[PDB]
$ cat model_19.csv   # CSV, C-alpha atoms
chain,number,residue,atom,x,y,z
A,5,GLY,CA,-17.7,-222.8,3.1
A,6,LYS,CA,-21.1,-224.1,1.9
A,7,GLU,CA,-22.6,-225.3,5.2
A,8,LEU,CA,-25.5,-223.4,6.8
A,9,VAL,CA,-26.1,-222.3,10.4
A,10,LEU,CA,-29.1,-220.8,12.2
A,11,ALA,CA,-28.5,-217.7,14.3
A,12,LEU,CA,-29.8,-218.4,17.8
A,13,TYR,CA,-29.6,-214.8,19.0
A,14,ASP,CA,-29.3,-211.2,17.7
A,15,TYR,CA,-25.7,-210.1,17.6
A,16,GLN,CA,-24.3,-206.7,16.7
A,17,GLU,CA,-20.7,-206.6,15.6
A,18,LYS,CA,-18.2,-205.4,18.4
A,19,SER,CA,-15.1,-205.1,16.3
A,20,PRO,CA,-14.2,-204.5,12.6
A,21,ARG,CA,-13.8,-208.3,12.1
A,22,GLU,CA,-17.2,-209.3,13.4
A,23,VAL,CA,-20.5,-209.4,11.6
A,24,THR,CA,-24.1,-208.6,12.6
A,25,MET,CA,-27.0,-211.1,12.6
A,26,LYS,CA,-30.6,-211.3,13.7
A,27,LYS,CA,-32.1,-214.4,15.4
A,28,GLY,CA,-33.6,-216.7,12.8
A,29,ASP,CA,-31.0,-215.7,10.1
A,30,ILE,CA,-29.6,-218.6,8.1
A,31,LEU,CA,-25.9,-217.9,7.6
A,32,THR,CA,-23.3,-219.6,5.5
A,33,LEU,CA,-20.6,-221.0,7.8
A,34,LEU,CA,-17.3,-220.1,6.2
A,35,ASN,CA,-14.8,-221.3,8.8
A,36,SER,CA,-15.4,-223.1,12.0
A,37,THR,CA,-11.7,-223.9,12.8
A,38,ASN,CA,-11.7,-221.6,15.9
A,39,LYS,CA,-13.5,-223.0,19.0
A,40,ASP,CA,-14.9,-219.6,20.0
A,41,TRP,CA,-15.5,-217.6,16.8
A,42,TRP,CA,-16.9,-218.9,13.5
A,43,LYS,CA,-16.7,-216.9,10.3
A,44,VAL,CA,-20.0,-216.6,8.6
A,45,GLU,CA,-21.6,-214.8,5.7
A,46,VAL,CA,-24.8,-212.8,6.6
A,47,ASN,CA,-26.4,-212.2,3.2
A,48,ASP,CA,-23.8,-210.0,1.6
A,49,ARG,CA,-21.7,-209.3,4.7
A,50,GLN,CA,-18.8,-211.4,6.2
A,51,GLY,CA,-17.1,-211.7,9.6
A,52,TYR,CA,-16.9,-213.5,12.9
A,53,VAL,CA,-19.6,-214.3,15.5
A,54,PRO,CA,-19.5,-216.3,18.7
A,55,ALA,CA,-19.7,-219.9,17.7
A,56,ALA,CA,-22.1,-220.6,20.6
A,57,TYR,CA,-24.6,-218.1,19.1
A,58,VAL,CA,-25.1,-220.2,15.9
A,59,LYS,CA,-26.3,-223.7,15.3
A,60,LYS,CA,-25.1,-225.9,12.4
A,61,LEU,CA,-28.1,-227.1,10.2
A,62,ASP,CA,-26.6,-230.5,9.6

$ encode --input "model_19.csv" --output "structure tokens"
Amino acid sequence: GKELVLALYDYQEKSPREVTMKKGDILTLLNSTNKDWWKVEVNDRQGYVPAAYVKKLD
């Protein structure tokens, strides 16, 4: 995915499939098909984070 999202809160990964982000991070939204968890790229890391904890930039 090429779209960007702003991390609204800090979030430490709770499972192997999740990824960690700091508030203010600009992440690349890879997949937003799931209503609750969006897959994002945090710099050079990849995984899921709660959709409600990020904000699409467009």

$ residues_around --input "model_19.csv" --residues "segment 11-27 of chain A" --least-positions-apart "3" --cutoff "9 Å" --atoms "all atoms listed in the file" --output "VMD selection string"
chain A and resid 30 to 31 43 to 46 49 to 54 56 to 59

$ residues_near_point --input "model_19.csv" --point "(-25.3, -222.2, 7.9)" --cutoff "7 Å" --atoms "only C-alpha atoms" --output "NGL selection string"
:A and (7-10 or 30-33 or 60-61)

$ closest_residue --input "model_19.csv" --among "A:28, A:34, A:55, A:41" --to "residue 5 of chain A" --atoms "only C-alpha atoms"
A:34

$ build_atoms --input "model_19.csv" --residues "segment 16-44 of chain A" --atoms "N, CA and C atoms" --output "compact mmCIF listing (two decimals), in the frame of the given file"
# COMPACT_ATOMS: atom_id res chain seq x y z
N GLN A 16 -24.84 -207.84 17.43
CA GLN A 16 -24.30 -206.70 16.70
C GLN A 16 -22.78 -206.76 16.83
N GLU A 17 -22.11 -206.52 15.71
CA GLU A 17 -20.70 -206.60 15.60
C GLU A 17 -19.96 -205.64 16.64
N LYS A 18 -18.99 -206.18 17.38
CA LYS A 18 -18.20 -205.40 18.40
C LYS A 18 -16.85 -205.00 17.97
N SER A 19 -16.44 -205.45 16.79
CA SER A 19 -15.10 -205.10 16.30
C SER A 19 -15.19 -205.19 14.74
N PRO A 20 -14.24 -204.54 14.04
CA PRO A 20 -14.20 -204.50 12.60
C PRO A 20 -14.27 -205.94 11.94
N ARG A 21 -13.75 -206.96 12.63
CA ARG A 21 -13.80 -208.30 12.10
C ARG A 21 -15.02 -209.14 12.32
N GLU A 22 -15.96 -208.58 13.09
CA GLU A 22 -17.20 -209.30 13.40
C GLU A 22 -18.32 -208.91 12.43
N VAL A 23 -19.41 -209.67 12.46
CA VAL A 23 -20.50 -209.40 11.60
C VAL A 23 -21.84 -209.40 12.41
N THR A 24 -22.84 -208.66 11.95
CA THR A 24 -24.10 -208.60 12.60
C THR A 24 -25.17 -209.59 12.07
N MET A 25 -25.96 -210.17 12.96
CA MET A 25 -27.00 -211.10 12.60
C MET A 25 -28.22 -210.96 13.50
N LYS A 26 -29.37 -211.37 12.99
CA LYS A 26 -30.60 -211.30 13.70
C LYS A 26 -30.98 -212.78 13.98
N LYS A 27 -31.68 -213.04 15.07
CA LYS A 27 -32.10 -214.40 15.40
C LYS A 27 -32.97 -214.87 14.27
N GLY A 28 -32.80 -216.13 13.89
CA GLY A 28 -33.60 -216.70 12.80
C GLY A 28 -32.85 -216.62 11.47
N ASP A 29 -31.80 -215.82 11.37
CA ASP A 29 -31.00 -215.70 10.10
C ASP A 29 -30.32 -217.04 9.83
N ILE A 30 -30.27 -217.37 8.55
CA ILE A 30 -29.60 -218.60 8.10
C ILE A 30 -28.35 -218.09 7.45
N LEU A 31 -27.23 -218.40 8.08
CA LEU A 31 -25.90 -217.90 7.60
C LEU A 31 -25.07 -219.03 7.00
N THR A 32 -24.19 -218.66 6.10
CA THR A 32 -23.30 -219.60 5.50
C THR A 32 -22.01 -219.67 6.35
N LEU A 33 -21.75 -220.82 6.96
CA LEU A 33 -20.60 -221.00 7.80
C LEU A 33 -19.34 -221.10 6.88
N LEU A 34 -18.48 -220.10 6.97
CA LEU A 34 -17.30 -220.10 6.20
C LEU A 34 -16.09 -220.77 6.78
N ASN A 35 -15.96 -220.69 8.10
CA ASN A 35 -14.80 -221.30 8.80
C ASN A 35 -15.16 -221.49 10.23
N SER A 36 -15.08 -222.74 10.66
CA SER A 36 -15.40 -223.10 12.00
C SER A 36 -14.15 -223.73 12.72
N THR A 37 -12.95 -223.36 12.25
CA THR A 37 -11.70 -223.90 12.80
C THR A 37 -11.46 -223.41 14.26
N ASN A 38 -11.88 -222.19 14.56
CA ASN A 38 -11.70 -221.60 15.90
C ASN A 38 -12.86 -222.13 16.82
N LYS A 39 -12.51 -222.52 18.04
CA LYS A 39 -13.50 -223.00 19.00
C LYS A 39 -14.48 -221.96 19.47
N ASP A 40 -14.07 -220.70 19.47
CA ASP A 40 -14.90 -219.60 20.00
C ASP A 40 -15.59 -218.72 18.98
N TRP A 41 -14.96 -218.51 17.83
CA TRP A 41 -15.50 -217.60 16.80
C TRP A 41 -15.54 -218.29 15.45
N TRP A 42 -16.72 -218.33 14.84
CA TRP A 42 -16.90 -218.90 13.50
C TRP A 42 -17.13 -217.78 12.53
N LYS A 43 -16.49 -217.88 11.38
CA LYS A 43 -16.70 -216.90 10.30
C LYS A 43 -17.87 -217.30 9.51
N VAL A 44 -18.78 -216.36 9.33
CA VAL A 44 -20.00 -216.60 8.60
C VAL A 44 -20.31 -215.50 7.58
